[PDB]
Amino acid sequence: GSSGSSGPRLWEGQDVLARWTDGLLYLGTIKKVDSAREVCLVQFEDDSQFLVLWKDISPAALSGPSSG
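Printed below as a string of structure tokens:
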């Protein structure tokens, strides 16, 4: 029971976490979203705006581990 559906949104203005060459996740803000190259231009606290792939980007949970 599965069909073609988009999971991630990575819409403009979505708080996400962009990984770094080191491996850890960094705080990034979805500035742009390109479907053609399937990427998303994220910005860093250092006014650093670049093109971050869709896979490279990591989901940032707001609430947390929903228990219950």
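Just so you know, we're using this note's numbering here: the sequence shown kicks off at -7 and counts up by one.
Don't be surprised by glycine CBs; every beta carbon is placed ideally from N, CA and C.
Using C-beta distances below 7 Å, list every residue in its chain close to residue i, excluding the 5 sequence neighbours before and after it, in chain order.
i     : result
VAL25 : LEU2, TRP3, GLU4 and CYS32
Give the single residue among the options whose Cα lies nearest to the Cα of residue i.
i       : options                       : result
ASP48   : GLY56, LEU54 and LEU19        : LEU19
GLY(-1) : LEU54, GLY56 and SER50        : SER50
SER40   : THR13, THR21, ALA53 and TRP46 : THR21
State the Cα-Cα distance for the pair residue i and residue j, rounded to the nearest angstrom.
i       : j       : result
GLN6    : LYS23   : 8 Å
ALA10   : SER59   : 26 Å
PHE36   : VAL8    : 11 Å
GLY(-4) : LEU43   : 26 Å
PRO57   : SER(-6) : 25 Å
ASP38   : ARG29   : 24 Å
What does residue i pair with, by DSSP beta-bridge criteria?
i    : result
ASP7 : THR21
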